[PDB]
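By written order: A, B, C, D, E and F. Residues from 1 in each chain.
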Amino acid sequence: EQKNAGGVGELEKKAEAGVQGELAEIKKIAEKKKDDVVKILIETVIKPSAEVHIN
Amino acid sequence: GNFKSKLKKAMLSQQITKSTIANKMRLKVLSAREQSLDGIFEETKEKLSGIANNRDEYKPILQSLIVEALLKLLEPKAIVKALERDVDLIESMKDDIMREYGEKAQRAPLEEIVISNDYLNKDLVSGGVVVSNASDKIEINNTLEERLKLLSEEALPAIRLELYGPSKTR
Amino acid sequence: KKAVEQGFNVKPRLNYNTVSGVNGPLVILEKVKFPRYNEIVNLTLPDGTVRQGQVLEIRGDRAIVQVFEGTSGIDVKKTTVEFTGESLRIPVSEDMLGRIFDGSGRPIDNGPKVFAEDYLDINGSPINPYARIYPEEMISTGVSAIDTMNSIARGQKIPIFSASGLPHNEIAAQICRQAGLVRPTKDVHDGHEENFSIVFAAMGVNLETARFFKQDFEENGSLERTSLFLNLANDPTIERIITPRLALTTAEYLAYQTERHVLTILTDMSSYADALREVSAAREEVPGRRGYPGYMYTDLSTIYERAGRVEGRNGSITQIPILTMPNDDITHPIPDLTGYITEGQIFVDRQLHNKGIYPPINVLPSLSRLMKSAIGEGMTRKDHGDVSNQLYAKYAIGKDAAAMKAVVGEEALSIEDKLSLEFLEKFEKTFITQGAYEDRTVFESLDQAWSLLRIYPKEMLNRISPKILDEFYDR
Amino acid sequence: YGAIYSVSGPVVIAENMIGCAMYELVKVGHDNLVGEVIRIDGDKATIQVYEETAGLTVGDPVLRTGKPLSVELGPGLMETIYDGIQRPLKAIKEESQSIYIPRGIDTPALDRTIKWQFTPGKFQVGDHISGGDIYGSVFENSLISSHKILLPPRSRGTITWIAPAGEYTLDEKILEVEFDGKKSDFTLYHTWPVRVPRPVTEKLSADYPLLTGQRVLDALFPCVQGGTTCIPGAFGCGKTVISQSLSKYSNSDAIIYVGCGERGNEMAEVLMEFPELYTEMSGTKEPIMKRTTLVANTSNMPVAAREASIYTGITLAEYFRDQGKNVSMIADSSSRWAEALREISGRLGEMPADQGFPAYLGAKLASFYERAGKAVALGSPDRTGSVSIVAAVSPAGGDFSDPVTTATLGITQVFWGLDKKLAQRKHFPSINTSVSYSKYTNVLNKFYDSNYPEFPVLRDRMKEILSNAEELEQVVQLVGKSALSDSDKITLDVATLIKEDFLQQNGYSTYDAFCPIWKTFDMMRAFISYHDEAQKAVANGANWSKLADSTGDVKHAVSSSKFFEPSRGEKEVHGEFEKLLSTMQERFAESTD
Amino acid sequence: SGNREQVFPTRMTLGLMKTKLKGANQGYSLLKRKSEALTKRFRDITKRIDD
Amino acid sequence: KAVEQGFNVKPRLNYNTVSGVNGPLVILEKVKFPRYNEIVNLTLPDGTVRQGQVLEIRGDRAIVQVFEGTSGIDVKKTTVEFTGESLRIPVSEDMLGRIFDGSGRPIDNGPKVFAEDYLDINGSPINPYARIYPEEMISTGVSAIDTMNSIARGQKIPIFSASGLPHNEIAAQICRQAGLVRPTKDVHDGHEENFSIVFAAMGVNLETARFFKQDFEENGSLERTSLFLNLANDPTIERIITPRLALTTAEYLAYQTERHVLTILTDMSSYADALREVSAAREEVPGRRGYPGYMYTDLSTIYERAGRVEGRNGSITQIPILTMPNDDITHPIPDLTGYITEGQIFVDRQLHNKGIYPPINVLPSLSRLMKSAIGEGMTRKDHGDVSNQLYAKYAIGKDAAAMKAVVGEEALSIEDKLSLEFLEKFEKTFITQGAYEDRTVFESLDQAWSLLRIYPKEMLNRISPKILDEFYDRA
């Protein structure tokens, strides 16, 4: 039981390492594409479409 | 034998701890991936409010919003609800809206449109107009905040594709 | 290329403070523009409480909204309802594995909303009859009662019939924690690109039992392969109807787009049928047999046929719906239609449960209609089918000999019946009896079945071919 | 603001009633008739009324109160009797002096004249206080001493003024909280809608058994504190004895008896038996009524009150659970509640399911049952209460084919089904040991492992013996006991002994009126010792026909073990059971040779 | 057609009828095989009587 | 007495505006402020006057169920006069000894009841906080009832019977022999020894009404009974109010004049049929096989107005009689009766065909409040255990007779043979009783002990050892 409890810190360290590894890529992608995404969303919101749903 | 059962229970507890650590890592990775979307949406909303703050740029946008509301509220009398601000903006383009609704719908021009005195909430609505029917009984909430809120959830898969490539054969 | 750029288009979703009245779990709107059949709404109570609902009926300017979690406190002067774009769609993604979801698809763990790859329609589509193939592999559930006998093919729709008080939930949890392909065992740990996933759906599940599912799958490696769904009894019941639809949509996406082997487990189909009854009676609809709606056959067909292997795509869907017999009767509509639609069934027996044996699978009335395809030489092991047949025959002989015990006496039985009583005792005590956390691989299960079938001399093993006896009896 | 339009049955349609929300209760007519809205169609609001409707005409005004059907929660709830909508019947008699209840009497649901002693809690002026926070305690009874006064769950704000220690009636301001500059006065009580469950910080998994005393219930089919339960409710000791035992010995900090659809004679029986029952909390006989509040809806009461009776009861149970009290709630004749729902549906004309019952019956019973459970109280300091529903269905010719039991089986966790054959033979309690079940048997493993570690395996062995003997009796009725072996005869006679001396409880004698858990466990191990000792003895050459005669003394001893008086204390009676076990083992060893 | 027990028809009576029918079927099988064993022993005894 | 307010002339308004008539009810339009349950006097063009309650109001439209039938009703000349109040029976202590029509009109050449007060035929609910349990047993003299299903003063208990069975004879016998086992009056002096019977005859033969009248005359009970005879030839929906008239006059006598009333309702099946006819003419939603869905509440209203109330020295012992249409409890009439009543006496057709009188079957019969009316200080201390043992032995006798029908007698145990012997002697001697016998409960208990002494002490397991060894050897 003590040996099982010995790896609690090691498992937490591995989980934190994996979380940080994923978060690095996530933050990098977000920083790289945030301006483009915001521009696309602003263009979509500011430009409406006029149509009649009868046809 | 009892101690072997206890050791099996201890191994199960160790596996439980490992599984909990793995689940926490996966949840943290998902949280890190999905955190930035809310900030992006908030920045987009602030940018939309700033864009609507400029009357010269907002005038065509506001006119187009009222028109796209009208073409789906196909009635010859309707009421428009706007902010305390720029009510004279809608006032000055009344005939323009009437005629362009008439020619886009291939119908007669709007016979009567009136700005409702029940002005919108300036703190909540950052531009736009909630056009309602003549009886104030059919509402069309076409506001700068409402459109952004509607599009934020809709554009999620496209945003994901922009942020990262695919991983499966569609 | 990914033609998902249409998601940037924004559509005007309207808000209506025009509720004419409230009638049960339904609210009715008079003025809604350009009616189409089904949509999704998010209506707000006068006190600001946001509530969700669906659309039921459509005619000329006719719209009726069936609000989730009831319509308490809804008035006609302050409540407003927001009409979303179209019908319910689940945000689905490859990294959905390892996530726990509510019946509405909103995750209930501490993680965020799933980062969608695409929004998938919940109903599905009709698979072309010109593009179907047979299930031709085996899914090892780790339960020797289901592996050696009642083997589940890779694509087979096989239910688990149980009663109200029996531990069908525990068997479902064990299957989900232990399910996997036989191939990694057969391929000497060389095959790993054939990824395996599980979609677990809980319907009408009790709060304690839902907590048990969540805690158990969290505390094991099952979650990493599992996309999990819960629906509590006090939760809205149309959410209970949505839950299997969400589970099968996720499973279909995974298997037929990511080329994964997905095992789908649906828990308490009886609660789903009760929810069907409630929603069908919500509209002015005449009840059918035993009160259930007359189209329950079609709905269960739609749920169940979202399974099997398909042409082209390398994935598969294996479905194990679990239902409770309301009165321990086959003739009840739910088990009757489930048997009429699925392939075979697995029986969890009340008396076998009372006798203290777990997992209490009753072998005699349970068959797997597609067991032949799961059996083979490269598939599982060579002796599998013959051992299964011999075990079934010996168990039946032991059972009716035990029945005769009280009519003719022990001494009046033949050596067949003596060996059969011994075999039945050892069988129901060691082979069927399996620890809730014990994972017998299929070859281990076959070895146990051989060590237990070695009671009889080779002459008495009639159901097994001599070619197999000369190979496996002597070890 | 309102006007009656047309009345048929206890359903009233009122016009000019715009703006009324669903389930809002209104005042109908000049007598201010209490009535709840159930359907809205423009201004026409369909109001159900909680009393008579004969000989009426259009025109009576209707005033809407703006509140749902709420219940007054606070000091004075305990030791009182209410109807389906919490009208104090004792106060009704004191204010009317008649054999009839006044029409539309609006006496306060909770006594305002009595002034209680209020001890201010931890919170002071300026402290932020949220819903459910205990800002003071009240001495109500000797059994409910320190009745926790808690802020209403929906309220929140910062304290601007708190009353000092003293005596305050219901009608006295106790606490002033400020939220967004809106100061709101809080008295010693608060209202709360009966439909909405009281919020909980976290629903804990139930972990402690609700000891009922009946040996079959506490042994084979256990019920935990906070768990749900379905009881046969039929005539005999199945229901009344269980209710009395849960009242007197279940170690619940309070009980909320609610009855709907019971005959007036049965209500009268309940209303006088309870005040004369006592409990020994600690060397003191205290009335159960001090730990009891009762809802007394009858068959004469209208359908709306019948429907709302158990909602009021469960709201009271939730309120007392919010103080950390372990509350047991007995809903006798829940099938009559379902019948009230059916009659309301028929009045509304909505299409039912099954045969005649509304389809949402399953959903509503699911919600009502799931309002129970071990829970962490909403406010601060952290507490842990638990409401245990013990609901009684009633057969209507069918045993389980009725929709109410069919839904309950899938909803509830503990089921104690009636055995009609046992009742036909006057065997009490007359529950069925084949169809009844308790899913908490796995949960209670941790409780058993700490006090009675052998309890689960012994219960499993007893169930196995009963099932094996049941199937053997089924196969022997048409054949005869000639061919049965010694093991079969042992199984049959051991199960007969179990059925006649362990499962059977009269419930009226001084012995085994409440069989404690330790006495139940001791007799379980005694009976299992008898069974397996006989089985091992006949595993040798001992003919069991001779063995039964030679060990009739031991059989009588194990049969009469049920006659031990539990009042003697666990120590000496456990010593007696150990002596009995040793005597049994040595006698069987002697008789084997 | 055939015969009936002249009992009032209700679903409770239907349940009693199916349980009685399955009991009758299991008794039929039980006594049929018991008679098979008894006739085997009886043929043994009667040839024993003959010789 | 504040009845001086009766001096108030309220001018009734007459409606010559009948809109339509169908079945037992008439519809009239243009009614000015109609009251829901107010009765109306409508005069035919012939000139006769008939009464009728108002079923339901709708604006200016009133629906009236004319009690005396719709024959002769036209539209042109029929005028309807609206009495401002609902039905009220003129009630007084002098109506004892008088015979009344189903509408309450006298049919003994006597005058109208000189009313002391007018009572609405519906009554008022009783506060549950002011109810008292009917402890006092009444000795009906019938051994089939006293020993097994003892009736307490203030109990509702029907005589479940069928066509051609002597339910009338059993009711007359109970009326003749009604009396407390331990009367309060010392040697029948100083207190009301004799019950004051209120007998309502509805939808009944003239022969049965004549039999009841003649039996009351012969026993002398006529001078203290009021008969509300609504014969077969009498109007059909006049049976709606006759049980209400009888029960209101019974309530007057028991709760206002402090008499002990033994109310007997001759045929509740006819009342149920009249209710069904009215509901069918009303196009209401049926509840079961054409019966109204509110019949539960109607039967509750009829039956519940019985028993003792706090502060009054009187009581109502209600013994309604109803014929099961097909000898079955499962019919809606007896089913809904038993759901609210506190017991029943089952007159069994098979028992009657065997010549046994009274043909009372004890297995379906029950007295739900017998438990607290017998024992120490009331009847004898062995009564409860003797009744339990007799019921158990009779049930075992029926089971053994069924088995003997199925399998041979030799397969039955000694218990079963003793059960058949006990059943035969039981039915032939204990249940069987002359129509004029009037055996006391102590004689019945002694005979029951003589019956039980067939079995040895060991197999009387359902009675306490104290009672067994106290009473078995008395002989």
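Keep this in mind: contacts are C-beta pairs under 8 Å (C-beta built on N, C-alpha and C of every residue); 3 or more make two chains touch, one makes a residue touch a chain.
These are the chains along with the protein names UniProt gives them: D = V-type proton ATPase catalytic subunit A.
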What are the mutual neighbours of chain D and chain F in this structure? E
Chain whose averaged C-alpha position falls nearest the assembly-wide average: D
Can you check how far apart chain D and chain E are, centre to centre, with Cα atoms defining each centre and the answer in Å? 47
Would you mind pulling out the distance in Å between where the CA atoms of chain A average out and where those of chain F do? 78
Between chain B and chain F, tell me the centre distance in angstrom, where each centre is the average of that chain's C-alpha atoms. 71
Residue ranges of chain A touching at least 2 other chains are 40-41, 44-45, 49, 53
Where in chain B do residues touch at least two different other chains? 22, 33, 35, 68, 72, 142, 147-148, 151, 155, 159
Junction residues of chain F, two or more chains touched: 330
Of all possible chain pairs, which ones touch? A-B, A-C, B-C, C-D, C-E, D-E, D-F, E-F
Interface residues, chain C side, partner chain A - complex: 8-10, 34
Considering only the defined contacts, which chain C positions touch chain E in the complex? 403-404, 407-408, 412
Interface with chain D, chain F side, in the complex: residues 33-38, 56-59, 85-86, 122, 124-134, 154, 285, 287, 293-294, 296-297, 300, 304, 307, 309-312, 329-330, 335, 339-340, 342, 363, 366, 368-369, 372, 388, 391-392, 395, 403, 406-407, 411, 461-462
Name, in rising order, each residue of chain D that touches chain E in their complex. 397-398, 401, 475, 478-479
Within their complex, state which residues of chain E touch chain C. 30, 33-34, 37
